[PDB]
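Participant: Pasting a structure below so you can have a look.
Protein chains in written order, with UniProt numbering: chain A, 1 to 118; chain H, 1 to 298; chain U, 1 to 112; chain P, 54 to 213.
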């Protein structure tokens, strides 16, 4: 019945929960309590697609089959200045480092040095 | 800083940390940011290089606490019967501060000291006051251990006796506050070391027993005074009221455990040694009607 | 909108309800207070400083944990709180290999 | 008997009284049951699949612990580290339920990484240095025994 979400815009993420069969509008209300800005200014996007309040979140494809507590779905968020909308732009999370030799599985060794091992 | 193993200098971090630790004790305001920083500080210390800063930091904290609580005891002692008052405020600020430390330290506690000096046990130091380093077990237990030493001092016989002189009066010596009396009394319970059972032994032996005997004498003198001057019918109402005041006082000053002990001596002092006189009165009281007189007897 | 509802339910609520986490590179993570309580270091922060902390002000600063690690930490919280106190099936939890060393140190620090 | 406690602390006692037990593997792992003999030495037994249960003829006072067969990670029996049979009653056989413990996130990650990388290359990974030592400290029954022994002494206290 529940779907687990992350609402993201520009290096901020909110971990939130919402019902599968609830409206896109309901989610804007959750955002208003925490961020303390009106729903009307906000825009919620799914894969850079504008979402309307005639649409519910299960229909957007945020069903519990793809949305998990382990890995949530991403909801895009934009604000408006007044009338004119800013549109999406999410700055990403830093890349995870290069995978080191040690974690790669084994491969053949090398012939012993002449001197003692340091 | 980072999760990855770094190089970290002890002393630069420790001075700033010491400054923060000292604010938390005596309840001067620590900031949110700095509090967060401290958790990171302890972490960086613990992980850095093969040789951990963790153990260096453990000795260092132990010595710094020892000297500080001692020097605060000597400062607290200094006042002329406002000793109890400062002991209460240092204990109250401390209580919250010690809760914060245990919290702050949780990572050190978990990862390091998965073992004590398991293998061997000293009989050279390990119980009672010594200047030798105290066991390697966790922060709360350590805190309780440093505290037990303070109390022994030859100052405790006169001071307790003089403090008691003020308290034994329930009239003609009114009154010491609930906040002040309480502050001393829970400190006496706290200032014992980690035990497997009730701390309360120290409190009963040092404070409770001289307090009880002296409380007896007040009542003994008062009861004889009233018996002589006043008649039977004025004594029973007044002693019932004197008991009513003792319950109120007990509830405010003391620990639950002594509520009963204190009143139990006073009730016994008023009637139970006078009973022979009272038993002789009762027969005339039953012959007359007097509902209230019989009720007070009963 | 429709049918029986409550303001307070639906996980809408003031700033005391949710707690703020700051990364190393300054990325913000907003989680539910109950999630934040799972790690002991964070639990310990929120109990303190805290002689003044009855002001609806909550923050945690990481000077070691960047956002790619920290997100996996948040995911873990959402999962832990949701499955506990039910007998519903609980699947495994994803760990990327690259991230694994860093997720393991951050987990070890966090006391989760 | 002799006064004092002979033998190691964690060991089974040869109590002649039999107890019927059924082991139920409630977890996803292949479970390797271990019986601590009178000597306190761990003895392996045949492994059990995740779906399965098995009948065992134990004795009251015997000690058993359970681990992942491959990994040797800890498992719980009746929500605890050790299982000791007690006398059966009308109760019929005593059940030992092997369940996965809820591992700390850090420990779980260690487990996953350990499976993935050879021990020779723990050091090669670009992770925090302290973790390297942790990775090397794989689960060990003997270590567990030592820990349990110490905990047990703590458990012992004077009576009321």
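We put the beta carbon where it would ideally sit given N, CA and C, even for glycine.
Helix, strand or coil for residue 6/A, going by three-state DSSP, please let me know.
Facilitator: Translated into positions along the first chain, residue 6/A becomes position 6. Reduced to three states, the DSSP call for residue 6/A is strand.
Participant: Is there a Cβ from chain A that is less than 8 angstroms from the Cβ of residue 78/U?
Facilitator: For this step, residue 78/U is matched to residue 78 along the third chain. Judged by the 8 angstroms Cβ criterion, residue 78/U is in contact with chain A.
Participant: Tell me the rounded alpha-carbon separation between residue 60/H and residue 89/P.
Facilitator: Numbered from its first residue, the second chain carries residue 60/H at position 60. Numbered from its first residue, the fourth chain carries residue 89/P at position 36. Rounded to whole angstroms, residue 60/H to residue 89/P spans 43 angstroms at the Cα level.
Participant: Determine whether the beta carbon atoms of residue 104/P and residue 63/P lie at a separation below 8 angstroms.
Facilitator: Taking the fourth chain and counting its residues from 1, one reaches residue 104/P at position 51. Taking the fourth chain and counting its residues from 1, one reaches residue 63/P at position 10. No, the Cβ-Cβ distance between residue 104/P and residue 63/P is not below 8 angstroms.
Participant: Beta-carbon within less than 8 angstroms of residue 155/H's beta-carbon, same chain only, minus the 5 sequence neighbours each way: which residues are those?
Facilitator: The sequence position of residue 155/H within the second chain is 155, counting from 1. So the list reads 77, once near-sequence residues are dropped.
Participant: Let me know if residue 123/H comes out buried or exposed under the rule of 16 or more other beta-carbons within 10 Å of its beta-carbon.
Facilitator: Working through the second chain from its first residue, we reach residue 123/H at position 123. So residue 123/H ends up on the exposed side.
Participant: Residues of chain A with CB closer than 7 angstroms to the CB of residue 178/P, please, in chain order.
Facilitator: Position 125 of the fourth chain, counted from the start, is the residue given in the question as residue 178/P. In chain order: 100, 102, 103.
Participant: Is residue 4/A close to chain U? Criterion is C-beta to C-beta, closer than 8 angstroms.
Facilitator: Indexing the first chain from 1 puts residue 4/A at position 4. It does; some Cβ of chain U falls within 8 angstroms.
Participant: Quick one, which residues of the segment 115-129 of chain P are near chain A if we go by CB-CB under 7 angstroms, in chain order?
Facilitator: From the segment 115-129 of chain P, no residue has a Cβ closer than 7 angstroms to chain A.
Participant: For residue 188/P, which residues of its own chain have a beta-carbon under 7 angstroms away from its beta-carbon, when the five flanking residues on both sides are left out?
Facilitator: Within the fourth chain, numbered from 1, the residue matching residue 188/P stands at position 135. Hits under 7 angstroms: 163, 166, 167, 175.
Participant: If you measure between the beta carbons of residue 109/P and residue 129/P, is that distance less than 8 angstroms?
Facilitator: Working through the fourth chain from its first residue, we reach residue 109/P at position 56. Working through the fourth chain from its first residue, we reach residue 129/P at position 76. No.
Participant: Would you kindly work out how many angstroms separate the C-alpha atoms of residue 199/P and residue 191/P, rounded to a whole number?
Facilitator: Along the fourth chain, read from residue 1 onward, the residue named residue 199/P stands at position 146. Along the fourth chain, read from residue 1 onward, the residue named residue 191/P stands at position 138. Their Cα atoms are separated by approximately 15 angstroms.
Participant: Within the 8 angstroms Cβ cut-off, does residue 49/A reach chain P?
Facilitator: Here the question's residue 49/A lines up with position 49 in the first chain. Cβ-Cβ to chain P under 8 angstroms: no for residue 49/A.
Participant: Taking C-beta to C-beta, are residue 97/U and residue 158/P nearer than 8 angstroms?
Facilitator: If you number the third chain from 1, residue 97/U lands on position 97. If you number the fourth chain from 1, residue 158/P lands on position 105. Cβ distance not < 8 angstroms, so residue 97/U and residue 158/P don't count as in contact.
Participant: Could you check which residue in 228/H, 69/H, 105/H has the C-alpha nearest to that of residue 94/H?
Facilitator: For the purposes of this step, residue 94/H is identified with residue 94 of the second chain, where counting begins at 1. Closest option to residue 94/H, Cα to Cα, is 69/H.
Participant: Quick check: the Cα distance between residue 51/U and residue 41/U, rounded to an integer number of angstroms?
Facilitator: Taking the third chain and counting its residues from 1, one reaches residue 51/U at position 51. Taking the third chain and counting its residues from 1, one reaches residue 41/U at position 41. One C-alpha to the other measures close to 18 angstroms.
Participant: Can you pull the DSSP bridge partners for residue 15/A?
Facilitator: Along the first chain, read from residue 1 onward, the residue named residue 15/A stands at position 15. According to DSSP, which records beta bridges pairwise, residue 15/A is partnered with 6/A.
Participant: Just curious, the alpha helix (DSSP H) that residue 164/P is in, first and last residue?
Facilitator: Here residue 164/P refers to the residue found at position 111 of the fourth chain. It spans 158-169 - the alpha helix (DSSP H) in which residue 164/P sits, taken as one unbroken run.
Participant: Determine the chain H residues that contact residue 183/P at a beta-carbon separation under 7 angstroms, and present them in chain order.
Facilitator: Taking the fourth chain and counting its residues from 1, the one referred to as residue 183/P is at position 130. 5, 47, listed in chain order.
Participant: Under 8 angstroms, Cβ to Cβ, is there at least one residue of chain U near residue 97/A?
Facilitator: For the purposes of this step, residue 97/A is taken as the residue at position 97 of the first chain. Chain U, which has a Cβ nearer than 8 angstroms to the Cβ of residue 97/A, makes this yes.
Participant: Quick check on the burial criterion: 16 or more other C-beta atoms within 10 angstroms. Buried or exposed for residue 18/A?
Facilitator: Sequence index remark: in the first chain, residue 18/A carries index 18 (1-based). Buried, since its Cβ has 16 or more Cβ neighbours within 10 Å.
Participant: Look up residue 7/P in the DSSP assignment and say whether it is helix, strand or coil.
Facilitator: Limits of chain P in this structure are 54 at one end and 213 at the other, which puts residue 7/P out of reach.
Participant: Please classify residue 19/H as buried or exposed, where buried requires at least 16 neighbouring CB atoms within 10 angstroms.
Facilitator: As a working note, residue 19/H is residue 19 in the second chain. The residue in question, residue 19/H, is exposed, as its Cβ has fewer than 16 Cβ neighbours within 10 Å.
Participant: In chain A, which residues lie with their C-beta within 7 angstroms of the C-beta of residue 13/U?
Facilitator: Counting from one through the third chain, the residue named residue 13/U turns up at place 13. Chain A residues near residue 13/U: 33.
Participant: Taking 8 angstroms as the CB-CB cut-off, is residue 100/H touching chain U?
Facilitator: Locating residue 100/H in the second chain gives position 100, where the first residue counts as 1. It does: the Cβ of residue 100/H has a partner Cβ on chain U nearer than 8 angstroms.
Participant: Is the Cβ of residue 161/P closer than 8 angstroms to any Cβ of chain U?
Facilitator: Within the fourth chain, residue 161/P is the residue found at index 108, counting from 1. So yes, residue 161/P belongs to the interface.
Participant: How big is the Cα-Cα spacing for residue 77/P and residue 111/P?
Facilitator: The residue labelled residue 77/P in the question sits at position 24 within the fourth chain. The residue labelled residue 111/P in the question sits at position 58 within the fourth chain. Straight-line Cα distance between these residues: approximately 15 angstroms.
Participant: What is the C-beta distance between residue 113/H and residue 136/H, in whole angstroms, given that I count them as a contact (C-beta under 8 angstroms)?
Facilitator: Within the second chain, residue 113/H is the residue found at index 113, counting from 1. Within the second chain, residue 136/H is the residue found at index 136, counting from 1. Going by Cβ atoms, the distance from residue 113/H to residue 136/H rounds to 6 angstroms, so yes, they are a contact pair.
Participant: I want to know whether the segment 108-116 of chain A touches the segment 43-58 of chain U - three or more CB-CB distances under 8 angstroms.
Facilitator: These segments do not touch.
Participant: Using a beta-carbon distance cut-off of less than 7 angstroms, what residues from the segment 192-204 of chain P approach chain H?
Facilitator: Of all residues in the segment 192-204 of chain P, 203 have a Cβ within less than 7 angstroms of some Cβ in chain H.
Participant: Please check if any C-beta of chain D sits within less than 8 angstroms of the C-beta of residue 118/A.
Facilitator: This model lacks chain D altogether, as its protein chains are A, H, U and P.
Participant: Within the same chain, show all residues whose beta-carbon is closer than 8 angstroms to that of residue 40/H, passing over the 5 residues directly before and after it, in chain order.
Facilitator: To locate residue 40/H, count along the second chain from 1; it is residue 40. 1, listed in sequence order.
Participant: Hey, how far is the Cα of residue 148/P from the Cα of residue 21/A?
Facilitator: For the purposes of this step, residue 148/P is taken as residue 95 along the fourth chain, with counting starting at 1. For the purposes of this step, residue 21/A is taken as residue 21 along the first chain, with counting starting at 1. Straight-line Cα distance between these residues: approximately 43 angstroms.
Participant: What residue does the alpha helix (DSSP H) around residue 276/H start on, and which one ends it?
Facilitator: Position 276 of the second chain, counting from 1, holds the residue named residue 276/H. Counting along the chain, the alpha helix (DSSP H) containing residue 276/H begins and ends at 275-287.
Participant: Could you list the residues in the segment 135-146 of chain H with a C-beta less than 7 angstroms from some C-beta on chain U, going in chain order?
Facilitator: From the segment 135-146 of chain H, no residue has a Cβ closer than 7 angstroms to chain U.
Participant: Please state the DSSP three-state secondary structure of residue 256/H.
Facilitator: To locate residue 256/H, count along the second chain from 1; it is residue 256. Residue 256/H falls in the helix class under three-state DSSP.
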